[PDB]
Amino acid sequence: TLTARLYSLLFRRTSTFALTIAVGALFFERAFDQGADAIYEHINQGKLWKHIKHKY
Amino acid sequence: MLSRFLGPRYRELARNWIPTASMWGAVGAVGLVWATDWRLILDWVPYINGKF
Amino acid sequence: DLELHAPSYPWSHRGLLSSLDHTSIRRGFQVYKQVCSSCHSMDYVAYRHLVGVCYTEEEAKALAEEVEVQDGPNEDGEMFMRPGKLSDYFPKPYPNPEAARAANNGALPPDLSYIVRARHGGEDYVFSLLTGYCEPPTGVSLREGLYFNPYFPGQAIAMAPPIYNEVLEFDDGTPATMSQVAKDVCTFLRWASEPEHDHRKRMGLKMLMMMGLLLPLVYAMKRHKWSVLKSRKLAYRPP
Amino acid sequence: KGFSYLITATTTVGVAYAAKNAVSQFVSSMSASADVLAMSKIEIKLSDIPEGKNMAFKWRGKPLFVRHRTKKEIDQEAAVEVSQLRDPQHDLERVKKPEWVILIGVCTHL
Amino acid sequence: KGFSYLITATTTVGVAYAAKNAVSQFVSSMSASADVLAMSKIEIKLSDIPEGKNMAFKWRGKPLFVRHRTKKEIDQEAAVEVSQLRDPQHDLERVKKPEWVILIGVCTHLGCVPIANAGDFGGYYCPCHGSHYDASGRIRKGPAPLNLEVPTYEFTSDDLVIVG
Amino acid sequence: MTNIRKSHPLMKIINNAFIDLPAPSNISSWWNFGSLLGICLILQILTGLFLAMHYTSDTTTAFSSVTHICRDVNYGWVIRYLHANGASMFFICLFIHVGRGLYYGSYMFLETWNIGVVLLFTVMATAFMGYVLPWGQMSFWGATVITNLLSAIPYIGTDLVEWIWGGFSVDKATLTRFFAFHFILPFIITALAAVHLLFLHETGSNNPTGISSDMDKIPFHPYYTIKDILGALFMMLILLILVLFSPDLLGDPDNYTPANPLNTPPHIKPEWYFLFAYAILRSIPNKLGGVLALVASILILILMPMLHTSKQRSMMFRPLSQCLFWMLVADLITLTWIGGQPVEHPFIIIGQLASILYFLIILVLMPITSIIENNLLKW
Amino acid sequence: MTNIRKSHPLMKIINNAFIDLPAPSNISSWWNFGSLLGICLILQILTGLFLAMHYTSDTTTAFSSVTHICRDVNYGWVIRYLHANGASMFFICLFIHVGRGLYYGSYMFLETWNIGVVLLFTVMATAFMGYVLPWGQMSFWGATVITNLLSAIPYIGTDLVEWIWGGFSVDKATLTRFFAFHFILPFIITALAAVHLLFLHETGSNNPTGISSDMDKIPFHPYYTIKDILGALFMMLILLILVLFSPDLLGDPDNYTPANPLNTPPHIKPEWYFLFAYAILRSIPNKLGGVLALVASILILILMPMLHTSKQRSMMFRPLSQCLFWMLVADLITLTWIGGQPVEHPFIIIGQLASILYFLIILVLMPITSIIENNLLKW
Ligand code: HEC
Ligand code: HEM
Ligand code: HEM
Ligand code: HEM
Ligand code: HEM
Ligand code: FES
């Protein structure tokens, strides 16, 4: 099982656990910001200033 | 003080705790770069630099 | 007595995650500039705020430079007009509230920075007020200079009909029918009262997704820690 | 153990993102407001003073001398003890204009 | 014991005096400052007002009307009953000086355009909302929230009335 | 040699108050609110401080300062509405905390109960004064009415109200001193909260059953830390829903109009968490009677440990007592609604009956019912 | 059946704090300053409150509001000058307290000494912000000069300044920000003082002789309460003399001028209790080195417990160290005098000599003197 490999690699040491958390912070922050922003622009397509700036 | 802490087994303990302390320092460095959003370093990581 | 409750119009910015129609904001600003700005004001709003929501930077510069604002003392201590910039709030039509009250019968046209957030009902109230003028019903005689608007408390406003049909010329080319004018000005005033509306909804979306991700996980941690006690089995073995 | 600690790691990541995006929220609140970010883009004509006189302006938060320099300095200030003179500068590079020199008020000593 | 406790008692009474003064310092500090005791304080008028007219004033950040209610006006307001008002207020009950009605001038109910110094039912009338006023500043037509508010005026002597 | 957690002086207090504190293992979710209130307090202390760095307490510029906070400061609106709706959530949690105290018979902890009453009074005072700072129409007029309330006090009343006003009417001095008192008070609340916890820890806690849980205590840290973290996460969910989706849901729109002292608003209702009190005041025709009933509504919580007559500390084993408790909660809700509504024909009588029923349930119905309770159980 | 003094929780804490706490018999008068600090703190917390009750925080009404407090508020000038000179009294007591701790080797109490250093930093920051508040010429220009030091910090430094300034210069934002910070900080100081008293009580006070006095211990209440009352009376005498007879003795007259950013006063000096450090700032031309020396001038107290090399604890029986300590005090006074005078001959060279001598005495001369000292006594 993969989860066993994760535990033996990145989770056993508390400090390695913290390093994993820290790098996950970077990548989760970027991915989540992209996803949420994309969802919002999709919901309100054509109303935001970003979608109408081109014609000025 | 420093007379007591200068020992064979004391340097040996230092060596044992070198990896954990060093990568705790790496944890701190990554956390500092993240929280501060240090653009100077974050411009080189591939995916994240797309944010700027 | 009695009071009309403004019906809940289906505004585009009504859903939990539905932003404002910024094109409607752009049109509503022109509506304010050519009609409402004659006697109202949004002193809390400056031309700078329009940049990035309804006008581009150069357009905001051009809009500001079309008006003349008082400045500080010269080297001679006098007051001098100068064209505005993206740091001057919207000009006050009347220098002091007494002049405003005297010019418009005896009523003070309220400042519209918060007129949507200060009126019970919001955009619905203002929209119905503008598009709700009607001939007074029989038995009610308003003194000359007052106008019957059912939605206004007291049903007697000191307001001349603000927007009739084809008041101004929309630069977009949309017909300037009274209903369109009222919708656009109401959306613009909503933006004026709540400039953070779009970002508020965006942060609310992120908040919803983070709690939907966290609350199950923190609940799972709580169950993890407490599962020692939930499965705890006791036994009594008296002698 | 990996499953349980993965749950813990994921919630810790979420909390880290939230905590960052709230503490930066507050800190940016304490930073300079948009009203002063109507920033020091100041203007104003320079020909007011009658040659060789400083006029003080409030432009960023500290004074700014605006001055139409004396005719002697456009052509010869660079020749006034050019030598080395600690930090050597000439009106040609100090201000692109021949006359019409402008500089912020903060002294160099403190 | 008496000598020692006399030392203690005289110390304690001294401290009591000092503490009373120190506390009164702060308490009087919280009380009304000098300025609010100078502008919000009484603002006595004079006899600069002829019969019938109403001299405008600006006291305690509110307009003041000192209309010289003539005999005829007193007759109309005495004849007019009280229940016709939304808030029953007899002319003499609210105005202790029939020749001089003292009234703070503020159209109640969000100030929808009055008509000042002239009125269908008296000296003031407010037609925006049903708010016709009396020459004694009483609501006449329409149940407006209240009459024109009357402050605490005190006629010390001729041309000397101190108000709020 | 020894554990720092239980040998270091400060760490010893922290350990004995948050780590190894023996807490009952069966305390329901209603016990989480004691944490949330504290966290709310921190949040109120926090955001408010960040509000203090761009708010200038003065008549001619208080409202402009607030609107500049919400319109020109980076993310000023987040902090402002966090503060307002966090005060509202603070009062929600406070009412739920008092309800838990009433229900499960926690008032047998008399020292903690009285300290809680003092904290309650301090919090209502703090929120009332805080509502004045925006200097809106409702702010100014609610402050005027509530301070004029003290004029009903005999003899010294008018002097008291003119001293509080700092003049002759609510004005510059009142605003400034309200800001200063608003700054100082929450720290007094924090000190009283520390005293509250200190008094509580000597008697442990009250589990829902009302029986002594000395045979079942569990360490606080492994379990109730994560329990309270989950509770705080839920409270943050609710608070952020309020802030980011309907900020002014629990607020009077008219507060967004600069305070004009020449125009009385058509409605002068106080904040939503005061109406239950305010309605009581409107019930009694007498002014002094109104103020006395107003104060006594809060003060009646002190009398509860003397009015407990049942032989069971809790309420879960006392059905008829539960019915009266929920009648009391419904009465409180009715009082809030009545205070919200104007004082007209259908509401005057309802408010009078609601206030009478509230006092009567607390003082009369519950003790007699508990006597019947004990009689029914052959003890 | 028991004393509620030693059984009631709050009363038990008070009893162990300053009623039945075992205190050394031979405690000299120099210890009174401890309480003379706390009393000052209370006074500073008190009067400041009554100042914040008539003080706005906008740059268009800061100076005018201060003049309003001085001229119009009933007895307001008493409070204003009581605050202004109670700050100087606070710092006099603080410096004498640090000197006492240094002389009698009280820094062996490591936790209390470090907490004291933290308190010193907090008090200095609070006083700086407070002096910024009245928006005089001294206020504005000293604030600019002091905050501009943070530009010397590498990399982040410039940003940090723009962060604290809330913009591009000390302006409207910074005034209100400093008001909020000056309000909040003293309560943090009070909390730290409570922690300090806790740490000190875990070991007990140190007598002038430097030797453990567990045998000759006396109860605190009957003796040291009245001793502290006398100390408070003397300090009130000095403070009231200052306020009533010569209020603008320790201040600077240029602070009575509205802040004008386009013109500076002839001299830019800070408050007196800061000059000792400001002179050190002026000693090193390297700006970053100047800031580092400025911080180290206070942080040296942290290292002071480490440098203790003498077998004895106090300075009662160390004449050589006594002359060294008085050399240090004279050096601090010299730095204070130097700070006021402008940067001219011979103040520049005298300032460099004094700044060098300060660190030379603390770091080198004292430990070497103690080393010679032990050798002179067979140990
Ligand atoms: C030439 C004068 C004039 C024009 C044009 C005008 N107004 Fe007004 N407005 C007034 C006056 C006078 C009042 C005061 C009425 C009262 O208070 O009784 C008023 C009242 C209002 C109110 C108060 C409603 C309430 O009860 O709170 C709103 C909202 C308002 N105007 C919005 C607008 C909008 C939107 C426009 C145009 C797009 C507009 N006005 C055009 C003069 C004008
Ligand atoms: C006991 C906790 C607190 C409560 C219940 C509370 C309550 C309130 C309320 C209800 C408001 C009105 C908000 C609005 O109408 O927009 C307010 C405003 C304010 N509070 Fe607080 N507050 C608390 C703590 C604090 C603290 C500790 C500070 C100071 C650090 C503070 C500073 C302010 C300021 C400056 C305002 C005016 C700005 C505003 O209106 O939002 N508050 N407070
Ligand atoms: C400032 C607001 C308050 C704070 C921060 C606070 C804090 C706390 C905390 C943390 C607890 C322990 C957790 C718990 O048992 O629920 C507690 C318990 C308690 N509080 Fe409060 N409290 C506050 C207000 C009140 C009020 C208003 C009362 C009632 C008058 C009160 C009475 C109690 C009682 C009786 C307990 C014991 C509960 C039990 O163990 O069964 N508190 N308080
Ligand atoms: C906020 C200001 C301060 C307060 C309120 C305070 C409070 C106290 C009090 C009341 C005492 C007991 C009386 C005494 O021995 O003097 C004390 C002792 C002490 N304080 Fe402070 N203190 C303050 C600042 C400092 C500073 C700046 C230091 C030095 C870094 C310091 C270090 C000590 C030491 C070492 C003792 C023990 C003295 C001895 O045992 O002989 N304190 N503190
Ligand atoms: C740690 C104790 C404190 C110290 C050392 C301190 C120090 C100062 C200083 C030096 C000033 C400038 C005096 C001047 O204008 O010449 C000042 C002003 C002020 N302080 Fe404080 N302060 C303290 C506590 C407080 C507290 C707790 C408050 C709030 C309740 C406060 C509010 C003020 C106000 C409003 C001013 C401006 C009035 C004025 O400057 O005269 N202070 N403070
Ligand atoms: S309009 Fe004057 S009272 Fe209604």
# chains A, B, ... in the order shown; residues from 1 in each chain; ligands from 1
call {"tool": "interface_residues", "arguments": {"of": "chain G", "to": "chain B", "cutoff": "12 Å", "atoms": "only C-alpha atoms", "output": "short mmCIF file (atom, residue, chain, number, x, y, z; two decimals) with N, CA and C atoms, in the first residue's frame"}}
result
data_model
loop_
_atom_site.label_atom_id
_atom_site.label_comp_id
_atom_site.auth_asym_id
_atom_site.auth_seq_id
_atom_site.Cartn_x
_atom_site.Cartn_y
_atom_site.Cartn_z
N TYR G 155 18.05 44.79 3.86
CA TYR G 155 16.95 44.16 3.14
C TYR G 155 15.60 44.72 3.57
N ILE G 156 14.94 44.05 4.52
CA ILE G 156 13.58 44.39 4.90
C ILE G 156 13.47 45.81 5.45
N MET G 306 25.51 36.47 33.05
CA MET G 306 26.57 35.57 32.62
C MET G 306 27.94 36.09 33.05
#
call {"tool": "residues_around", "arguments": {"residues": "residue 114 in chain E", "least_positions_apart": "5", "cutoff": "10 Å", "atoms": "only C-alpha atoms", "output": "CSV table (one decimal) with N, CA, C and O atoms, in the first residue's frame"}}
result
chain,number,residue,atom,x,y,z
C,105,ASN,N,-36.4,73.3,-2.6
C,105,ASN,CA,-37.5,73.5,-1.7
C,105,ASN,C,-37.0,73.7,-0.2
C,105,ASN,O,-36.5,74.7,0.1
C,106,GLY,N,-37.2,72.7,0.6
C,106,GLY,CA,-36.7,72.7,1.9
C,106,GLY,C,-36.2,71.3,2.3
C,106,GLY,O,-36.2,71.0,3.5
C,107,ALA,N,-35.7,70.5,1.4
C,107,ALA,CA,-35.3,69.1,1.6
C,107,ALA,C,-33.9,69.0,1.2
C,107,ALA,O,-33.4,69.5,0.2
E,106,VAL,N,-37.4,72.8,14.7
E,106,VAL,CA,-37.0,71.7,13.9
E,106,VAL,C,-38.2,71.0,13.5
E,106,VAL,O,-38.9,70.4,14.4
E,107,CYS,N,-38.5,71.0,12.2
E,107,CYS,CA,-39.5,70.1,11.7
E,107,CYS,C,-39.2,68.6,12.1
E,107,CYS,O,-38.2,68.1,11.7
E,108,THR,N,-40.1,68.0,12.8
E,108,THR,CA,-40.0,66.6,13.2
E,108,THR,C,-40.2,65.8,11.9
E,108,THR,O,-40.4,66.3,10.8
E,119,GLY,N,-47.9,80.5,8.0
E,119,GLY,CA,-48.7,79.2,8.1
E,119,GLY,C,-50.2,79.4,7.9
E,119,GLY,O,-50.8,80.4,8.2
E,124,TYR,N,-46.4,78.9,11.5
E,124,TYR,CA,-45.6,77.9,10.8
E,124,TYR,C,-46.6,76.9,10.2
E,124,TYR,O,-47.6,76.6,10.8
E,125,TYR,N,-46.2,76.3,9.1
E,125,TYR,CA,-46.9,75.2,8.5
E,125,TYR,C,-46.0,74.3,7.7
E,125,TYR,O,-45.2,74.8,7.0
E,126,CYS,N,-46.2,73.0,7.8
E,126,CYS,CA,-45.3,72.0,7.2
E,126,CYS,C,-46.1,71.1,6.3
E,126,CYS,O,-46.8,70.2,6.7
E,127,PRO,N,-46.0,71.4,5.0
E,127,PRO,CA,-46.9,70.7,4.0
E,127,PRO,C,-46.3,69.4,3.4
E,127,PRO,O,-47.0,68.7,2.7
E,128,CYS,N,-45.0,69.1,3.6
E,128,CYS,CA,-44.4,68.0,2.9
E,128,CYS,C,-45.1,66.7,3.4
E,128,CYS,O,-45.6,65.9,2.6
E,129,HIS,N,-45.1,66.5,4.7
E,129,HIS,CA,-45.9,65.5,5.4
E,129,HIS,C,-47.0,66.2,6.1
E,129,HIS,O,-47.0,67.4,6.3
E,131,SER,N,-48.4,67.9,8.3
E,131,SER,CA,-47.7,68.5,9.4
E,131,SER,C,-48.0,70.0,9.7
E,131,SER,O,-47.1,70.7,10.1
E,132,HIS,N,-49.2,70.4,9.4
E,132,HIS,CA,-49.5,71.8,9.6
E,132,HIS,C,-49.2,72.2,11.1
E,132,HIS,O,-49.7,71.5,12.0
E,133,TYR,N,-48.5,73.3,11.3
E,133,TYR,CA,-48.1,73.8,12.6
E,133,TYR,C,-49.0,74.9,13.0
E,133,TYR,O,-49.7,75.6,12.2
call {"tool": "interface_residues", "arguments": {"of": "chain C", "to": "chain E", "cutoff": "8 Å", "atoms": "only C-alpha atoms", "output": "PyMOL selection string"}}
result
chain C and resi 105-107+142-143+146+154+156-158
call {"tool": "interface_residues", "arguments": {"of": "chain A", "to": "chain B", "cutoff": "10 Å", "atoms": "only C-alpha atoms", "output": "list in words"}}
result
residues 13, 14, 15, 16, 17, 18, 19, 20, 21, 22, 23, 25, 26, 27, 28, 29, 30, 31, 33 and 34 of chain A
call {"tool": "residues_around", "arguments": {"residues": "residue 96 in chain G", "least_positions_apart": "5", "cutoff": "10 Å", "atoms": "only C-alpha atoms", "output": "number ranges by chain"}}
result
G: 30-31, 33-34, 90-91, 101-102
call {"tool": "write_last_selection", "arguments": {"atoms": "C-alpha atoms", "output": "PDB file, in the first residue's frame"}}
result
ATOM      1  CA  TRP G  30      16.442  50.865  47.477  1.00  0.00           C
ATOM      2  CA  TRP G  31      13.884  48.059  47.222  1.00  0.00           C
ATOM      3  CA  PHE G  33      11.328  51.512  44.076  1.00  0.00           C
ATOM      4  CA  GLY G  34       9.805  48.181  43.097  1.00  0.00           C
ATOM      5  CA  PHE G  90       8.398  56.141  36.170  1.00  0.00           C
ATOM      6  CA  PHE G  91      11.701  56.241  34.336  1.00  0.00           C
ATOM      7  CA  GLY G 101      19.441  44.938  40.639  1.00  0.00           C
ATOM      8  CA  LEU G 102      22.890  45.433  39.144  1.00  0.00           C
TER       9      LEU G 102
END
call {"tool": "interface_residues", "arguments": {"of": "chain D", "to": "chain G", "cutoff": "10 Å", "atoms": "only C-alpha atoms", "output": "short mmCIF file (atom, residue, chain, number, x, y, z; two decimals) with N, CA and C atoms, in the first residue's frame"}}
result
data_model
loop_
_atom_site.label_atom_id
_atom_site.label_comp_id
_atom_site.auth_asym_id
_atom_site.auth_seq_id
_atom_site.Cartn_x
_atom_site.Cartn_y
_atom_site.Cartn_z
N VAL D 27 -1.87 42.18 8.53
CA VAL D 27 -0.66 42.97 8.34
C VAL D 27 -0.83 43.93 7.17
N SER D 28 -1.41 43.47 6.06
CA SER D 28 -1.69 44.37 4.96
C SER D 28 -2.69 45.44 5.36
N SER D 29 -3.59 45.12 6.29
CA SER D 29 -4.47 46.16 6.81
C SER D 29 -3.66 47.25 7.49
N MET D 30 -2.68 46.87 8.30
CA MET D 30 -1.84 47.86 8.97
C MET D 30 -0.94 48.62 8.00
N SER D 31 -0.71 48.10 6.80
CA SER D 31 0.15 48.78 5.84
C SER D 31 -0.56 50.00 5.26
N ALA D 32 0.09 50.64 4.30
CA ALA D 32 -0.38 51.93 3.81
C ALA D 32 -1.71 51.79 3.09
N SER D 33 -2.65 52.67 3.43
CA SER D 33 -4.00 52.61 2.90
C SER D 33 -4.06 53.20 1.49
N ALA D 34 -5.13 52.85 0.78
CA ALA D 34 -5.26 53.29 -0.61
C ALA D 34 -5.34 54.80 -0.72
N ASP D 35 -5.82 55.48 0.33
CA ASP D 35 -5.88 56.94 0.29
C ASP D 35 -4.50 57.55 0.17
N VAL D 36 -3.52 57.03 0.93
CA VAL D 36 -2.14 57.47 0.73
C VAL D 36 -1.49 56.75 -0.43
N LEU D 37 -2.03 55.61 -0.85
CA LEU D 37 -1.62 55.05 -2.13
C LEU D 37 -2.14 55.86 -3.30
N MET D 39 -0.76 58.04 -4.44
CA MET D 39 0.60 58.20 -3.94
C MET D 39 1.23 59.47 -4.50
N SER D 40 2.49 59.66 -4.15
CA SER D 40 3.17 60.90 -4.44
C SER D 40 3.45 61.05 -5.93
N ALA D 56 9.12 75.30 -1.10
CA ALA D 56 8.86 74.03 -0.46
C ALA D 56 7.47 73.52 -0.81
N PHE D 57 7.39 72.23 -1.11
CA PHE D 57 6.14 71.57 -1.44
C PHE D 57 5.98 70.37 -0.53
N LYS D 58 4.74 69.98 -0.27
CA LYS D 58 4.45 68.76 0.48
C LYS D 58 3.98 67.72 -0.54
N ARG D 60 5.27 63.91 -0.75
CA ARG D 60 5.14 62.52 -0.34
C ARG D 60 4.83 62.35 1.14
N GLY D 61 5.12 63.37 1.94
CA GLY D 61 5.02 63.26 3.38
C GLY D 61 6.13 64.05 4.05
N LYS D 62 7.16 64.35 3.28
CA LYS D 62 8.25 65.23 3.68
C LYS D 62 8.48 66.24 2.57
N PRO D 63 9.08 67.39 2.88
CA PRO D 63 9.12 68.49 1.91
C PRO D 63 9.91 68.15 0.66
N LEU D 64 9.72 68.98 -0.35
CA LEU D 64 10.37 68.86 -1.65
C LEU D 64 10.68 70.27 -2.12
N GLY D 105 13.49 67.02 0.62
CA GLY D 105 14.00 67.92 1.65
C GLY D 105 14.88 67.26 2.68
N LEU D 110 21.17 63.99 9.41
CA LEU D 110 20.10 63.11 9.88
C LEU D 110 18.72 63.41 9.30
#
call {"tool": "interface_residues", "arguments": {"of": "chain E", "to": "chain F", "cutoff": "10 Å", "atoms": "only C-alpha atoms", "output": "ChimeraX atom specification"}}
result
/E:27-37,40-41,60-63,105-111,145,164
call {"tool": "write_last_selection", "arguments": {"atoms": "N, CA and C atoms", "output": "short mmCIF file (atom, residue, chain, number, x, y, z; two decimals), in the first residue's frame"}}
result
data_model
loop_
_atom_site.label_atom_id
_atom_site.label_comp_id
_atom_site.auth_asym_id
_atom_site.auth_seq_id
_atom_site.Cartn_x
_atom_site.Cartn_y
_atom_site.Cartn_z
N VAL E 27 -13.11 63.26 39.02
CA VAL E 27 -14.55 63.26 38.81
C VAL E 27 -15.00 64.57 38.17
N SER E 28 -14.50 65.70 38.66
CA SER E 28 -14.82 66.97 38.03
C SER E 28 -14.24 67.04 36.63
N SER E 29 -13.14 66.34 36.38
CA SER E 29 -12.62 66.30 35.02
C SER E 29 -13.61 65.63 34.08
N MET E 30 -14.24 64.55 34.52
CA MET E 30 -15.20 63.89 33.64
C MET E 30 -16.44 64.74 33.42
N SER E 31 -16.75 65.64 34.34
CA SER E 31 -17.93 66.46 34.21
C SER E 31 -17.79 67.42 33.03
N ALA E 32 -18.83 68.22 32.82
CA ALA E 32 -18.87 69.11 31.67
C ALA E 32 -17.68 70.05 31.68
N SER E 33 -16.97 70.11 30.56
CA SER E 33 -15.83 70.99 30.44
C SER E 33 -16.29 72.44 30.40
N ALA E 34 -15.33 73.35 30.27
CA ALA E 34 -15.66 74.77 30.28
C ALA E 34 -16.44 75.17 29.03
N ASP E 35 -16.03 74.67 27.86
CA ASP E 35 -16.65 75.11 26.62
C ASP E 35 -18.12 74.71 26.55
N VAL E 36 -18.41 73.44 26.86
CA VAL E 36 -19.80 73.01 26.86
C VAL E 36 -20.59 73.74 27.93
N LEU E 37 -19.91 74.27 28.95
CA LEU E 37 -20.56 75.14 29.91
C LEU E 37 -20.56 76.59 29.47
N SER E 40 -23.22 75.50 25.24
CA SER E 40 -24.43 74.76 25.59
C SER E 40 -25.11 75.35 26.81
N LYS E 41 -24.47 76.29 27.50
CA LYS E 41 -25.06 76.97 28.65
C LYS E 41 -26.12 77.93 28.12
N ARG E 60 -27.52 75.79 21.20
CA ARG E 60 -27.29 74.37 21.41
C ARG E 60 -27.37 73.61 20.09
N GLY E 61 -26.79 74.20 19.05
CA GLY E 61 -26.78 73.56 17.74
C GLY E 61 -28.15 73.31 17.17
N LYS E 62 -29.17 74.02 17.64
CA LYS E 62 -30.52 73.84 17.15
C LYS E 62 -31.13 75.22 16.95
N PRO E 63 -31.96 75.40 15.93
CA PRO E 63 -32.61 76.70 15.72
C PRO E 63 -33.59 77.01 16.84
N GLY E 105 -36.90 75.28 16.86
CA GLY E 105 -37.40 75.13 15.51
C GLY E 105 -36.75 74.01 14.74
N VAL E 106 -37.39 72.85 14.74
CA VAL E 106 -36.96 71.70 13.94
C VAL E 106 -38.21 70.95 13.52
N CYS E 107 -38.51 70.97 12.22
CA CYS E 107 -39.52 70.08 11.67
C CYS E 107 -39.23 68.64 12.05
N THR E 108 -40.14 68.05 12.83
CA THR E 108 -40.01 66.64 13.18
C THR E 108 -40.15 65.79 11.92
N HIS E 109 -39.93 64.49 12.06
CA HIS E 109 -40.18 63.56 10.96
C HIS E 109 -39.31 63.92 9.74
N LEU E 110 -38.01 63.74 9.95
CA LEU E 110 -36.94 63.89 8.95
C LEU E 110 -37.02 65.18 8.14
N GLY E 111 -37.60 66.22 8.72
CA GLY E 111 -37.46 67.56 8.16
C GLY E 111 -37.98 67.76 6.75
N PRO E 145 -45.22 63.23 14.36
CA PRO E 145 -44.75 62.65 15.63
C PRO E 145 -44.99 63.52 16.86
N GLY E 164 -32.17 76.89 26.80
CA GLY E 164 -31.17 75.87 26.53
C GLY E 164 -30.52 76.01 25.16
#
